[PDB]
Each structure stands twice: as structure tokens, then as C-alpha cells.
Amino acid sequence: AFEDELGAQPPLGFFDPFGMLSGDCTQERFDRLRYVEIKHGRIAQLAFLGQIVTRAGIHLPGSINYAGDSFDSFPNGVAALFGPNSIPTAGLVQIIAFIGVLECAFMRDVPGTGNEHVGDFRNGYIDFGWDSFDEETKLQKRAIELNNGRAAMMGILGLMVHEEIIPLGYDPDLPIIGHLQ
Amino acid sequence: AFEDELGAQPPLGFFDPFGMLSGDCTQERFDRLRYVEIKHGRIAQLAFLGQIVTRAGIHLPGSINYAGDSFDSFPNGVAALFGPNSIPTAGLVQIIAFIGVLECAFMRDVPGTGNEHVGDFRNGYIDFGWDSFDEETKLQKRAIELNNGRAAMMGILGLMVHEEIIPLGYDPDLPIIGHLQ
Amino acid sequence: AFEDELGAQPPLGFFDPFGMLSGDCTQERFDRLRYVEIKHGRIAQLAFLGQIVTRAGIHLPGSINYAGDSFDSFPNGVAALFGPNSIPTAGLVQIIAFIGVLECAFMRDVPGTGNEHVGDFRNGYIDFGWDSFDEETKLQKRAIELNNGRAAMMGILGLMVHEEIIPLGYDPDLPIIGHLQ
Ligand code: CLA
Ligand code: CLA
Ligand code: CLA
Ligand code: CLA
Ligand code: CLA
Ligand SMILES: CC(=O)O[C@H]1CC(C)(C)C(=C=C/C(C)=C/C=C/C(C)=C/C=C/C=C(C)/C=C/C=C(\C)C(=O)C[C@@]23O[C@]2(C)C[C@@H](O)CC3(C)C)[C@](C)(O)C1
Ligand SMILES: CC(=O)O[C@H]1CC(C)(C)C(=C=C/C(C)=C/C=C/C(C)=C/C=C/C=C(C)/C=C/C=C(\C)C(=O)C[C@@]23O[C@]2(C)C[C@@H](O)CC3(C)C)[C@](C)(O)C1
Ligand SMILES: CC(=O)O[C@H]1CC(C)(C)C(=C=C/C(C)=C/C=C/C(C)=C/C=C/C=C(C)/C=C/C=C(\C)C(=O)C[C@@]23O[C@]2(C)C[C@@H](O)CC3(C)C)[C@](C)(O)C1
Ligand code: KC2
Ligand code: KC2
Ligand code: KC2
């Protein structure tokens with residue numbers, strides 16, 4: 001029933017190993033699964049972009065606090081948030097609070113606002129031109145977003161795993177990023 | 001749609017900063033939010049009353065356990081439950097278990113029992129004269145309960161925060177309550 | 001409304017102390033409660049069987065890891081999973097992952113597959129002769145499973161509690177299993 005929906009594309013086609021959509025699956029369950037997938041994909045895309053920018057030597061100018069701790073002094077990856085020498089835990093708490101504010105008030109599907117598919121958060125407020133695309137281009141853009149989200153999920157998982165196994169003696173020379181210092 | 005519901009009163013009027021009720025919000029969502037708000041308000045009202053009673057020098061006679069630890073020997077506030085010198089953790093576990101029993105079996109809205117609004121737990125069992133009030137007085141009492149609950153929420157949060165910041169060097173002479181010892 | 005359902009049998013008859021099904025309870029609720037009860041009963045039955053098999057001196061041949069830690073060297077009970085000398089935590093993680101796979105993909109009620117009652121996971125895939133039983137025997141087997149599950153919940157809770165109180169000085173001689181070692 002959902003074998004022709006968004007995300008079922010070559011080469012795997014419809015790929016449901018654990019059988020989440022097996023049987024008479026309702027549209028609500030598939031919508032929930034797709035919403036979770038798109039949320040994770042967007043978060044992982046942002047996380048991978050941030051990891052790449054930080055590890056490329058690009059940091060915000062100035063200091064993260066009044067103490068004088070410069071931005072380009074904390075490590076990259078998990079050590080930047082959780083570790084002995086990381087950003088102040090007040091900064092992490094404020095970041096989490098800001099994310100919670102965004103999810104409660106901003107990053108949400110407001111009912112009766114014109115959203116036309118799962119993951120559409122425009123709510124009639126912010127729109128950069130989601131009407132010039134025809135029917136096929138809209139689906140193509142949504143598929144690009146979803147697949148990039150899946151790839152970024154796997155990539156950010158690999159980045160954290162590799163950053164967390166270096167102390168244990170597993171420090172390989174990764175193809176593009178090199179040694180994950 | 002919910003701008004004339006209970007709790008929308010001067011001077012703020014309908015106050016929805018995060019936009020929980022924005023768009024075509026369903027009655028179920030508002031009912032859930034109001035239930036959570038009323039439950040928090042009742043819990044916070046009881047917490048503030050107990051905090052004030054304990055800090056005023058009023059304690060239960062006798063001892064909290066067979067060891068001989070008198071009631072008027074444990075500290076006030078968070079230090080009474082979580083700390084080196086607090087009430088026995090068996091007492092805390094029993095309190096939590098009793099609260100769970102009350103909330104699962106007693107402090108609940110039993111379906112098909114005559115409850116009139118969200119937060120009504122009478123269930124046709126305990127009633128002190130609710131039907132004696134006319135229509136306007138019922139709404140007035142409900143609004144009083146809700147607003148006292150909000151105020152007690154903020155007050156108990158402030159009391160806990162002030163208690164927890166005294167060891168950090170923040171010990172102000174709070175109004176009325178004085179130094180929060 | 002639910003006083004004649006499965007599980008309401010002599011000598012207690014219908015037994016709802018906390019009043020979960022009080023008032024106009026929906027089948028849905030009751031269905032969720034029965035599903036949770038059956039899941040807990042099956043898990044506890046397996047747990048009790050494993051506890052008995054391990055404590056009777058029956059262990060898998062060989063070693064649990066490449067290091068050489070033989071199966072018949074770890075303790076019995078909670079000490080086998082959580083403790084200083086337990087099975088490798090990699091094994092525990094893999095067991096939890098396998099259980100999660102089973103619940104997500106295998107041990108579930110697939111909609112539109114022919115399941116007749118709550119707890120039926122056949123899904124038209126695995127069946128050892130369920131339709132061979134007549135109506136009375138089907139209910140009898142379901143009641144036997146449910147009551148054995150309840151008894152197993154009590155038994156596994158008692159076994160874990162008795163294991164955890166031996167270091168505290170409470171080491172009684174249990175009737176059948178004797179001392180827990
Ligand atoms: C948050 C993660 C997440 C979620 C919720 C989904 C959700 C979905 N994906 Mg999907 N996907 C993801 C990540 C995710 N994806 C990633 C990272 C990739 C890249 C490898 C893909 C690649 C992918 C393809 C190629 C396809 C889908 C499809 C689908 C849809 C139907 C199949 C399904 O339920 O997924 C699969 C099942 C799950 C995600 C269930 C969750 C299982 C997790 C892992 C929990 C298990 C825990 C347990 C301990 C197991 C761990 C050990 C285990 C590894 C052995 C559904 C909307 C199909 C689709 O669009 O059909 C319309 C489809 O063809 N996905
Ligand atoms: C998962 C997302 C994520 C997370 C958790 C972090 C976390 C962190 N980043 Mg970071 N970053 C990210 C994405 C992320 N980043 C992206 C995508 C970029 C590229 C622009 C950067 C660029 C960046 C730099 C240049 C620096 C950090 C730094 C830091 C650290 C200090 C916090 C800070 O100053 O933030 C700064 C955050 C930014 C400059 C950009 C954040 C943008 C977020 C992701 C927006 C997403 C939500 C947004 C409101 C959606 C808008 C929708 C639209 C319709 C309006 C902290 C560990 C600093 C540090 O100490 O390095 C070690 C630092 O110097 N980051
Ligand atoms: C448990 C807390 C709680 C809950 C669930 C509600 C729920 C509600 N309140 Mg309410 N209120 C509360 C506490 C709460 N209140 C307190 C303590 C006060 C006193 C300041 C008020 C004062 C108040 C007024 C004056 C009014 C309401 C109204 C309402 C209703 C619609 C607006 C709304 O959703 O609330 C606001 C939104 C929320 C509570 C969403 C939750 C947000 C929390 C903070 C989670 C965010 C976490 C995240 C990390 C952010 C933290 C950082 C942030 C501070 C920057 C709704 C039933 C309105 C009403 O009755 O209209 C009919 C109205 O006019 N409230
Ligand atoms: C959030 C609520 C709350 C919590 C968590 C506590 C927690 C605590 N109180 Mg306390 N207290 C409370 C409210 C609360 N109190 C209120 C409202 C009062 C005023 C009557 C008191 C008066 C009080 C005294 C006098 C003493 C404590 C003490 C204590 C400590 C030992 C436990 C004990 O003996 O309780 C005793 C609890 C009570 C005597 C009253 C509890 C009443 C609860 C809130 C009833 C709420 C549910 C109720 C059944 C609903 C009825 C519905 C109706 C339709 C029937 C412990 C830290 C003792 C201590 O060691 O101090 C350090 C102590 O001496 N409290
Ligand atoms: C709650 C269930 C449960 C849990 C958590 C454990 C946990 C453990 N058992 Mg154990 N065991 C169980 C039930 C359980 N057992 C049952 C029911 C039996 C009887 C067959 C055994 C027999 C057993 C032996 C003989 C040994 C262990 C051992 C161990 C330990 C190492 C893991 C291992 O090798 O497992 C091995 C697990 C098994 C051999 C049987 C597991 C069977 C599970 C319960 C299947 C349930 C799901 C199933 C796929 C449903 C099928 C549905 C059907 C339609 C297809 C670990 C602490 C070993 C150890 O080190 O002891 C200290 C060891 O030597 N167990
Ligand atoms: C106006 C304003 O303020 O905002 C607007 C701005 C703007 C532009 C309009 C907007 C937008 C669109 C945005 C931001 C789109 C962002 C898209 C984004 C950020 C997409 C990331 C993909 C990452 C992938 C696929 C990673 C794969 C990673 C993979 C496949 C790996 O395996 C990683 C690998 O890594 C390892 C593990 C090891 C290495 O050896 C090898 C490599 C490296 C391969 C918004 C949303 O509207 C907000
Ligand atoms: C028969 C039986 O057994 O039970 C029956 C008995 C009875 C009586 C019939 C029943 C009842 C009704 C009850 C119990 C009603 C209780 C109502 C209650 C307990 C209402 C508290 C409000 C607290 C507020 C507003 C606090 C604000 C606190 C604020 C605004 C603060 O900012 C606190 C501030 O603190 C700081 C932070 C710092 C200080 O510098 C300044 C102050 C102090 C201002 C029940 C429920 O039916 C149960
Ligand atoms: C083909 C394949 O691969 O799989 C198939 C195989 C097969 C056979 C077909 C299948 C099946 C059916 C199965 C596995 C059924 C299993 C049923 C099972 C395992 C039922 C346990 C009850 C335990 C109880 C009641 C414990 C009570 C414990 C009580 C009442 C206590 O108080 C314990 C007490 O302990 C203390 C606390 C202290 C002691 O002093 C005294 C005692 C000991 C009394 C499946 C499911 O289809 C899977
Ligand atoms: C996530 C988005 C975000 C938002 C929306 C946001 C809003 C505000 C507002 C307005 C409401 C104020 C007034 C304010 C003030 C301060 N912020 Mg924010 N802040 C955010 C993020 C961070 C991070 C990541 C850090 C940080 C810090 C500080 C410090 C330094 C304190 C100190 O130096 O003692 C002060 C005074 C740093 C820190 O807390 O250091 C301990 C630091 O790491 N902030 N901040
Ligand atoms: C929340 C409501 C509540 C209920 C409904 C409730 C019911 C029962 C029942 C009947 C079912 C019994 C039989 C019972 C027995 C004991 N209780 Mg309760 N008890 C409640 C609360 C507390 C608190 C707060 C404390 C406490 C204690 C003890 C001790 C002392 C043990 C010891 O001295 O060794 C014993 C023997 C104190 C404590 O456990 O200290 C270690 C203590 O702090 N209890 N208690
Ligand atoms: C729950 C069911 C379950 C499944 C479905 C499952 C599947 C696989 C697969 C195929 C996907 C492989 C390839 C694989 C391989 C290894 N397993 Mg599994 N394994 C399961 C259970 C356990 C337990 C309980 C333990 C264990 C272990 C090992 C070790 C030893 C590593 C070492 O000696 O360094 C290796 C190499 C032991 C352990 O990890 O000890 C550190 C141990 O305790 N495994 N295992």
C-alpha cells in the first residue's frame with residue numbers, strides 16, 4: 001500500500017526489512033514513521049554540516065563566555081559538548097532550551113495552516129517559492145531531502161562512532177576526512 | 001477558538017506565547033493542556049503549603065522511624081528529601097508509592113461518572129456542595145483554583161531555586177520569608 | 001462490563017482493586033491492559049524457566065566469548081547480568097538488541113493478518129494447530145497462559161528480591177529452591 005510512496009526508489013525500491021508497514025498498516029503509522037525519519041534526517045544533515053565546518057578550521061570569532069574561552073579552542077565532535085574540556089555546560093543547557101523552544105513553538109505542524117505533506121512546517125508563514133515547482137519537481141526535491149537525511153544520519157553516526165573509538169585504539173585513516181582529530 | 005476559555009482573564013487576557021493553541025487546535029489538545037496545568041497547579045499549591053508549614057516551625061509530633069529520628073530534626077525543602085541528612089529513603093519510596101497509588105486509582109477522571117469539566121475528579125463519590133454554586137460562581141472558583149495553581153507553580157519553583165543557590169553564594173534576604181534557611 | 005472476560009475466574013472472580021476498569025471503561029483500555037499483562041506474563045514465564053534451568057546446574061556447552069569464559073562460570077540471577085563478575089556487557093547489549101529486533105519486527109500484532117484476540121501474534125505465519133481446539137479449549141488454554149504468566153511474574157519478582165537481599169543478611173531457606181547460590 002505504501003510501496004509507491006516517497007522514499008521508495010532505486011536501487012533498493014521499497015525497502016522495509018523489519019516490516020513496519022507489513023499488513024494493513026494505517027496512513028497514520030506511515031505518517032508518524034515518515035515524520036520521525038524526516039526530523040532525524042534534517043537534524044543529522046545539520047549535525048554533519050556543523051561537524052564539517054568545525055573540523056575544517058572555521059570557528060565563530062570571539063569568545064564563548066566572559067571568561068575568555070575562545071571559540072577556536074574547544075575540540076571537535078562529542079568532546080566539544082561532553083568531556084573534560086568542552087564548552088560551558090551553561091551553553092549546552094541554553095542550546096537544549098533553544099531547541100526545545102523551537103520544537104514547541106516553531107518547528108511544528110500547525111493544524112489548518114495549509115501544510116500539504118508530512119514534514120511541511122511552512123504553516124503559511126515562511127515560504128521561499130514552493131509554488132514555482134511543478135508536481136514532479138516537488139516530489140524530486142522531497143526525495144532529495146529525505147535521501148540526504150538518511151545519508152547524513154548514517155554519516156553522523158559514523159562520525160561520532162569514529163570519534164569515540166580513537167581512545168580505544170581504533171584510529172583509522174578515513175578516506176576524505178583523514179584522521180578524525 | 002479558545003480565547004474565551006477558563007484562564008483567559010485580565011490583565012493579560014488570552015496569553016499563548018509559544019502558540020500551543022495556534023491554528024485549528026482540537027478540543028482534545030486544549031483539554032490535555034488544561035489537565036496538565038491544573039494537575040501541576042494542585043501539586044504546586046500543596047507543595048507550597050507544605051513548604052511554608054515546615055519552614056514556619058510546625059512539624060508532626062513523634063519520630064519518623066523506629067530509630068528515633070524526630071520529625072523536627074530534618075532540614076526544610078529539597079534537603080529534607082534529597083541530601084546527606086534527609087528523611088529515610090524508605091520513607092521517600094513509600095511516599096512515591098502512595099502518590100502512585102492515589103494517581104492510578106484515586107486521583108483520576110473515571111469515565112461515565114458525571115464529571116463536568118477537565119480537572120473534575122469527583123466521580124460522583126466525594127462532593128462538598130458543588131451543585132450549590134450557580135453557574136458564574138462555579139467558573140469563578142475554577143479560575144481561582146487555576147490561577148492560584150499557576151502562582152504556586154512559580155512560587156515553588158522559586159523556593160527550590162533559592163534553596164539550591166544558597167550553597168553557591170546566592171543568599172538574598174527574600175521578602176516575607178526572609179533568609180531561606 | 002469486563003467482569004466476565006478472560007482472567008476473571010475463581011476463587012477471586014473479577015478482581016480490580018485499583019479500579020482500572022471502573023466506570024465506562026473502553027475496550028481499548030482493557031485491550032491495552034490485557035496486552036501488557038500477557039506480555040509481562042510471557043516474559044516472566046521465560047525468565048522463571050531460565051532461572052530454574054541455570055540454577056539447576058544446566059549450562060550451555062563451550063564459552064561465551066573468545067577469551068575463554070565458560071558458560072558454567074557466571075553466577076545465577078541478577079549477578080549474571082549486572083555485577084562485577086557477570087557475562088560480558090557486549091553480550092548483554094546484543095541480547096537487548098535481539099529483543100528489540102524481536103519486538104519491532106517479529107513479536108507484534110500485524111494488522112489485517114487474522115489475529116483473533118489480544119496477545120495473538122500468529123499473523124497467519126506460525127500456527128501449530130490453533131484451529132484444532134474447539135471454543136471452550138481455546139479459552140481454557142488462554143486462561144492457563146494468563147494465570148501462569150501472573151504466577152510467573154510473582155515468582156520472578158520473588159526470585160530477584162531474594163537474590164538481592166542475601167548480601168543484606170536476609171538469606172532464608174526457601175521451600176523448594178532452597179538457598180539461592
Ligand atoms: C529514525 C530512523 C528512520 C526511520 C524512522 C525511518 C522510517 C522509514 N524508512 Mg528509512 N532509513 C533510515 C532511517 C529511518 N527510516 C536510514 C538511516 C536509511 C539509510 C540506510 C534509511 C533507508 C531507507 C530506505 C532505502 C527505505 C526506507 C523506508 C522507510 C519507511 C518504511 C520502512 C521503515 O519503517 O523503515 C525501516 C524500519 C525502521 C526504521 C524501524 C526502526 C528500526 C530501528 C533501527 C530500531 C531497532 C532497534 C534494535 C536494537 C535493532 C538494532 C540492531 C539491528 C541493527 C540489527 C519509513 C517511513 C522505505 C520507504 O521509503 O518506503 C516508502 C525504503 O524503501 N528507509
Ligand atoms: C546539530 C546541529 C548543531 C549542533 C548541535 C552544533 C553545536 C555546536 N556548534 Mg555548530 N554548526 C552547525 C550545527 C550544529 N552545531 C552548522 C550547521 C554549522 C554551519 C553554519 C555550524 C557552525 C559552527 C561554528 C562556526 C561554530 C560552531 C560551534 C558549536 C559549538 C558551540 C555552540 C555554538 O556556538 O553554536 C554556533 C552555531 C552556529 C554558528 C550555527 C547553528 C545553526 C543551527 C543548526 C540552525 C538550525 C535551526 C534553525 C533555526 C532552523 C531555521 C529554519 C528557517 C526556516 C528559519 C557547539 C558544540 C562553535 C564552537 O565552539 O566550535 C567548536 C563554532 O565556532 N558551529
Ligand atoms: C505545567 C505548566 C503549564 C501548562 C501545561 C499550561 C497550559 C496552559 N496555559 Mg498556563 N501558566 C503556567 C503553567 C502552565 N500552563 C504558569 C506557571 C503560569 C504563570 C506564569 C501560567 C499562566 C498562564 C496565562 C496567563 C494563560 C495561560 C494559558 C494556558 C493555556 C494555553 C496557553 C498554553 O499552552 O500555555 C503556554 C504554553 C506552554 C505552557 C507550553 C509549555 C512550555 C514549557 C515552558 C516547556 C518549554 C521547555 C523549553 C526548554 C523552554 C524553556 C526556556 C524558555 C523559558 C525560554 C494552556 C492550557 C492561557 C489560557 O488559559 O488561555 C485559555 C492564558 O491566558 N497560562
Ligand atoms: C507536595 C506535597 C508535599 C510533599 C512532597 C511533602 C513532603 C514531606 N513533608 Mg509535608 N506537608 C504538605 C505537603 C507535602 N509534604 C502539606 C500540604 C502540609 C500541610 C498540612 C504538610 C505538612 C507537613 C508537616 C507538618 C510535616 C511534613 C513533613 C514532610 C516530610 C516527611 C513526610 C511526611 O511525614 O509527610 C507528612 C505530610 C503531611 C502531614 C500532610 C500531607 C498532605 C498531602 C499533601 C495530601 C495530598 C493528597 C490528599 C490525600 C488529597 C486528598 C483529596 C481529598 C478529596 C480527600 C516530607 C519531606 C514532616 C517532616 O519531616 O518535615 C521535615 C513534618 O513534620 N509536612
Ligand atoms: C527472560 C528470559 C531470559 C533471559 C534474559 C536469559 C538470560 C541469560 N541466559 Mg537464559 N534461559 C532462558 C531464558 C532467559 N535467559 C530459558 C527460558 C532457558 C531454558 C531453555 C534458558 C537457558 C539458559 C542456559 C542453559 C544458559 C542460559 C544463559 C543465560 C545468560 C547468557 C545468555 C545466553 O547464553 O542465553 C542463552 C539463552 C537460551 C539458551 C534460551 C533463550 C530462549 C529465549 C527465552 C527465547 C525467547 C524468544 C523466542 C525466540 C520466542 C520464539 C517464538 C516462536 C513462535 C518461534 C543470560 C544471563 C547461559 C549462562 O551463562 O548462564 C549463566 C547458559 O548457559 N540460559
Ligand atoms: C534563511 C535562513 O536563515 O535559513 C534557511 C537557509 C536555507 C539555505 C534556505 C535552508 C536550507 C537548506 C539547507 C540548510 C540544506 C542543508 C542540507 C544539508 C546540510 C545536507 C547535508 C547532507 C550530509 C550528508 C548527506 C552526509 C553524508 C555522510 C556520509 C554519507 C558519510 O558516510 C560521511 C562520511 O562521513 C564519513 C562517516 C567518513 C568519511 O571518511 C567519508 C564521509 C565524509 C563520506 C533552510 C532550511 O530553509 C534554512
Ligand atoms: C477533607 C479532606 O481530607 O481534604 C480536603 C480538604 C479541603 C480543604 C476541603 C480541600 C481543599 C482545598 C485546598 C487544600 C486548597 C489549597 C489551596 C492552596 C494550598 C493554595 C496555595 C497557593 C499558593 C500560592 C498561590 C503560592 C504563591 C507563591 C508565590 C506567588 C511566590 O512567588 C512565593 C514567594 O514564595 C517566594 C518564591 C519568595 C518570597 O520572598 C515571596 C513569596 C512567599 C510570595 C480538599 C482539596 O478538598 C481536600
Ligand atoms: C518451536 C520453537 O522454537 O518454540 C516454541 C516452543 C513451544 C514449546 C511450542 C512454545 C511454547 C510454550 C512455552 C515455552 C510455554 C512456557 C511456559 C512457562 C515457562 C511457564 C512458566 C511458569 C512459571 C511459573 C508459573 C512460576 C511460578 C512461580 C511462583 C508461583 C513462585 O512464587 C516461585 C517460587 O519461586 C519462588 C519465588 C520461591 C520458592 O521457594 C517457591 C517457588 C519456586 C514456587 C512456543 C512459545 O510456541 C515457542
Ligand atoms: C542556543 C541559543 C542561545 C540563545 C537563544 C541565547 C540567549 C541568551 C540571552 C537572551 C535571552 C542572554 C541574555 C544570554 C546571555 C548569555 N549567554 Mg546565551 N544564548 C544561546 C546560546 C549560548 C551559548 C552556547 C553560550 C551562551 C552564553 C551566554 C552568557 C555567558 C555567561 C557567562 O560567561 O558567565 C550569557 C551572559 C555562554 C555561557 O553560558 O557561558 C557560561 C555560552 O557558552 N549562550 N544568552
Ligand atoms: C506515604 C504514605 C505512607 C503510607 C500509606 C504508609 C503505610 C505504611 C504501612 C501500611 C501499609 C506500614 C505497615 C508502614 C510501616 C512503616 N512505615 Mg509507612 N507509610 C507511609 C509513609 C511513611 C514514611 C514517610 C515513613 C514511613 C516509615 C515506616 C516505617 C518505619 C520503618 C523503620 O523504622 O524501620 C514502618 C515500619 C518510615 C520509614 O520507612 O523509615 C525507614 C518513614 O520515614 N512510612 N507504613
Ligand atoms: C542475543 C542473540 C545474539 C545474536 C542474534 C547474536 C548475533 C551475532 C552475530 C551475527 C549477527 C555475530 C557475528 C556475533 C558475534 C559474536 N557474538 Mg553474538 N549474538 C547474540 C548473543 C551473544 C552473546 C550473549 C554474546 C555474544 C558474543 C559474541 C562474540 C564474542 C566476542 C568476543 O569474544 O570478543 C562474537 C564475535 C559474546 C560477547 O560479545 O562477548 C564479548 C557474548 O557474550 N553474542 N553474534
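Just the heavy atoms: all of them, side chains too, but no hydrogens, waters or symmetry mates, feed the values below. Here is the naming used below: chain letters follow the sequence lines, and residue numbers restart at 1 for every chain. Atoms within a ligand are numbered from 1 in the order they appear, just like the ligands themselves.
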Does atom 33 (C) of ligand 6 have a protein heavy-atom neighbour under 4.0 Å away? yes
State whether any protein heavy atom lies less than 4.0 Å from atom 25 (C) of ligand 9. yes
Among A:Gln45, A:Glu145, A:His162, whose heavy atom sits nearest atom 19 (C) of ligand 6? A:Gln45
Side chain of A:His162, backbone of A:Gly158: donor and acceptor closer than 3.5 Å? no
Proximal protein residues to ligand 3, non-hydrogen atoms under 4.0 angstrom: A:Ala97, A:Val101, B:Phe2, B:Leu6, B:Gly7, B:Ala8, B:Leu12, B:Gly13, B:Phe14, B:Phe15, B:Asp16, B:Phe18, B:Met20, B:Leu21, B:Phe30, B:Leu33, B:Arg34, B:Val36, B:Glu37, B:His40, B:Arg150, B:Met153
Residue, atom name and distance, where the atom is the protein heavy atom closest to atom 14 (C) of ligand 9: A:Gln94 OE1, 4.0 Å
From A:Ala47, A:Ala151, A:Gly155 - option closest to atom 31 (C) of ligand 6 by heavy atom: A:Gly155
Check whether any side-chain N or O of B:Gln51 sits under 3.5 Å from a backbone N or O of B:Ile156 as a donor-acceptor pair, and report yes or no. no
Just to be sure I read this right, does ligand 9 sit under 4.0 Å from the backbone of A:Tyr66, its side chain, both, or neither, counting only heavy atoms? both
Is it the case that over 12 heavy atoms from other parts of the model lie below 6.0 angstrom from the CD atom of B:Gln181? no
Rounded at 0.5 Å granularity, tell me how far CZ in A:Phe71 sits from CD1 in A:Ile58. 15.0 Å
Is there a protein heavy atom at a distance of less than 4.0 Å from atom 48 (C) of ligand 6? no
Would you mind running through ligand 6 and noting each atom that sits below 4.0 Å from a heavy atom of A:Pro175? 40 (O)
Test item: protein heavy atom less than 4.0 Å from atom 24 (C) of ligand 6: yes
Should the heavy atoms of other residues, nucleotides or ligands under 6.0 Å from NE2 of B:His59 be counted, would the total exceed 12? yes
Protein non-hydrogen atoms only, distance under 4.0 Å: does atom 28 (C) of ligand 9 have such a neighbour? yes
Residues that B:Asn147 engages under side-chain hydrogen bond (donor to acceptor under 3.5 Å, both in side chains), provided they are two or more places apart: B:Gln9, B:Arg150
heavy-atom search around atom 40 (O) of ligand 9 in the protein gives A:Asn65 CB, 3.5 Å
Keeping the roles fixed (side chain from A:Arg42, backbone from A:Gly119), state whether a donor-acceptor pair exists under 3.5 Å. yes
Note: ligand 9 atoms sitting under 4.0 Å from heavy atoms of A:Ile64 are 37 (C), 42 (C), 43 (O)
Flag if over 12 foreign heavy atoms under 6.0 Å of CD, A:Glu116: yes
Starting from atom 5 (C) of ligand 9, which protein heavy atom do you reach first, and at what distance in Å? A:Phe98 CD1, 4.1 Å
Heavy-atom nearest neighbour in the protein, as seen from atom 42 (C) of ligand 6, with distance rounded to 0.1 Å: A:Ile176 CD1, 4.8 Å
Under 3.5 Å, side chain of C:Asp24 to main-chain N/O of B:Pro111, donor-acceptor pair present? no
Identity and distance of the protein heavy atom lying nearest atom 9 (C) of ligand 6: A:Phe128 CE1, 4.1 Å
shortest atom 14 (C) of ligand 6-to-protein heavy-atom contact is with A:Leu46 CD2, 4.7 Å
Take atom 5 (C) of ligand 6 and look for protein heavy atoms under 4.0 Å from it; say yes if you find one, no if not. no
the protein heavy atom lying closest to atom 23 (C) of ligand 9 turns out to be A:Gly91 CA, 3.7 Å
Got a sec: does the CE of B:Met154 have more than 12 other heavy atoms crowding it under 6.0 Å? no
What's the separation between atom CH2 in B:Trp130 and atom OG1 in B:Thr137, rounded to the nearest 0.5 Å? 9.0 Å
Is a salt bridge present between B:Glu136 and B:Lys141, judged by a nitrogen-to-oxygen distance below 4.0 Å? no
In the protein, what heavy atom is nearest to atom 35 (O) of ligand 6, and what distance, to one decimal place, separates them? A:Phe48 CE1, 3.6 Å
Step through it carefully: locate the ring centre of A:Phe121, locate the ring centre of A:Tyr35, and say whether they are under 6.0 Å apart. yes
Minimum heavy-atom separation for A:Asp16 and A:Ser22, please, with both atom names. OD2-N, 4.1 Å
Is atom 21 (C) of ligand 6 less than 4.0 angstrom from some protein heavy atom? yes
If you scan the protein for heavy atoms around atom 3 (C) of ligand 9, do you find one that is closer than 4.0 Å? no
Under the 4.0 Å line, does any protein heavy atom show up next to atom 32 (C) of ligand 9? yes
Would you say A:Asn115's side chain and A:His117's backbone share a donor-acceptor pair under 3.5 angstrom? no
Could any protein non-hydrogen atom be found less than 4.0 Å from atom 27 (C) of ligand 6? yes
Strictly less than 4.0 Å: does any protein heavy-atom distance to atom 45 (C) of ligand 6 fall in that range? no
Side chain A:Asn123, main chain A:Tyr125, donor-acceptor under 3.5 Å: no
Of all heavy-atom pairs linking B:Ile87 and B:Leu92, the shortest is CD1-N, 4.0 Å
A:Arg34 side chain to A:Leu6 main-chain N or O, any donor-acceptor pair under 3.5 Å? yes
Closer than 4.0 Å and a protein heavy atom, does any atom meet both conditions relative to atom 11 (C) of ligand 9? no
Within the structure, is a non-hydrogen atom of A:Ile87 found at a distance of less than 4.0 Å from ligand 9? no
For atom 40 (O) of ligand 6, is there a protein heavy atom at a distance under 4.0 Å? yes
When the ring centroid of A:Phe128 is compared with that of A:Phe133, is the distance short of 6.0 Å? no
